[PDB]
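Scroll down for the structure; my scribbles are underneath it.
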Amino acid sequence: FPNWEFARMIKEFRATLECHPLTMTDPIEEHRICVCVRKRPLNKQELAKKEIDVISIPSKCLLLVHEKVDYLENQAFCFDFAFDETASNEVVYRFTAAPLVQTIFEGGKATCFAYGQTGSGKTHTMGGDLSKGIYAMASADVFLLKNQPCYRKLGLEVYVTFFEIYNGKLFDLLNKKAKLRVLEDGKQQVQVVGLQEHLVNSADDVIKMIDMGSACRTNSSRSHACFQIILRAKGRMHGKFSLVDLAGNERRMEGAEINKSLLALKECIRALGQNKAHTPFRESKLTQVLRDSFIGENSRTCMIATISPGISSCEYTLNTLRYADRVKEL
Ligand SMILES: Nc1ncnc2c1ncn2[C@@H]1O[C@H](COP(=O)(O)OP(=O)(O)O)[C@@H](O)[C@H]1O
Ligand SMILES: [Mg+2]
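If you're matching positions, the sequence shown starts at -4 in the numbering used here and goes up one per residue.
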């Protein structure tokens, strides 16, 4: 009843729109830079306040934003994958993090980020509803891949880390929120001093670590959480996957550290894209710690831009989409 016949126009547009959504049998794609969008459904509180759903997904790659002016104006965005409200964590995982698990076994570096406004679904995507969770699904597949004959030969051990970044400070979530320190040497290599890697022999051990870690993390909407899977051959690093649940991108309080951090990340992803010798890693603790993952022939990244579909979040949604749009730009 409040926001005009805008809801009626949106419904009429949806009834005419013939859709071609993503399914689980669609072939997995191999991208150096994979940029996705994930729309979460309206919650019970949003449905109670009569929030209009202003997002449609007519294909595996296309996202539409419905704007009132006062007549319907539809804005289109194109991504590698667009996940609608029917997409489970399992479906999202398949097309994002899952193809990057093999990368770490070939001796590469992989990164996976969940980016978007607070309440959009980043933690739900990475950690789980409480149901997995990209961290758990990646961990499970790491242990399946290392039990295979090809890789069982390599003599690989699996280590894990889990830390958060808040106000330019790193805290170890597996070692009682200890304030670690990030150092850079004369060759631009970065080390997190005091960060202990934990040896794990099963995905069940990792789940206990994530749960141990998630219990620590607190507002958790103002911090980045980074979970790492590290493959070591004989103590020598073979491969690394870093999975990050970023701080909310929406904007007295502080959001200047977050915004510079997110801007720095975009530039680092963009630079990996262009196979550049230098990227502005130093501009944030997040990019400094992940420096190693934005360089190399066999370094790959995925970003999942999570969006809240309600009319009230429209401006924040457009900011998220505009940012994700500039992440994979030649
Ligand atoms: N795709 C989804 N399907 C169902 N519920 C979701 C989905 N994404 C998010 N939610 C729910 O919405 C709420 C907020 O999500 P959350 O992951 O905490 O957001 P964020 O980390 O981006 O701030 C939670 O109760 C969560 O389970
Ligand atoms: Mg969260």
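Ideal placement from N, C-alpha and C gives every residue a C-beta, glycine not left out.
Does the Cβ of residue i have 16 or more other Cβ atoms within 10 Å, making it buried, or fewer, making it exposed?
i: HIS61; result: buried
i: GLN143; result: exposed
i: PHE(-4); result: exposed
i: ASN270; result: exposed
i: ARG295; result: buried
i: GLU46; result: buried
i: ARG317; result: exposed
i: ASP48; result: buried
i: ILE52; result: buried
i: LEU95; result: buried
i: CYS221; result: buried
Say the cut is 8 angstroms; is the CB of residue i nearer than that to a heavy atom of ligand 2?
i: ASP240; result: yes
i: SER303; result: no
i: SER51; result: no
i: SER256; result: no
i: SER308; result: no
i: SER288; result: no
i: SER126; result: no
i: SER209; result: no
i: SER197; result: no
i: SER134; result: no
i: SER237; result: no
DSSP three-state call for residue i: helix, strand or coil?
i: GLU7; result: helix
i: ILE264; result: helix
i: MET132; result: helix
i: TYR161; result: strand
i: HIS119; result: helix
i: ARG27; result: coil
i: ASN170; result: coil
i: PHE(-4); result: coil
i: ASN84; result: helix
i: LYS148; result: coil
i: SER256; result: helix
i: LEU59; result: strand
i: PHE74; result: coil
i: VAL64; result: coil
i: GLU46; result: coil
i: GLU179; result: strand
i: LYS34; result: strand
Taking 8 angstroms as the cut-off, does the CB of residue i come closer than this to any heavy atom belonging to ligand 1?
i: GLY250; result: no
Threshold first: 3 residues or longer. Then list the beta strand (DSSP E) segments lying entirely within the region 87 to 117, N to C. The qualifying runs are 104 to 110.
Completely contained beta strand (DSSP E) runs for the region 186 to 247, where each covers 3 or more residues: Within the region 186 to 247, the runs of beta strand (DSSP E) at least 3 residues long that lie entirely inside it are, in chain order, 193 to 195, 219 to 227 and 232 to 240.
For ligand 1, enumerate in chain order all residues having a CB closer than 5 angstroms to any of its heavy atoms. Those satisfying the condition are, in chain order, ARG35, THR113, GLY114, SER115, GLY116, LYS117, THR118, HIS119 and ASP124.
Restricting to runs no shorter than 4 residues, where is the alpha helix (DSSP H) found entirely within the region 268 to 323? Within the region 268 to 323, the runs of alpha helix (DSSP H) at least 4 residues long that lie entirely inside it are, in chain order, 280 to 284 and 309 to 322.
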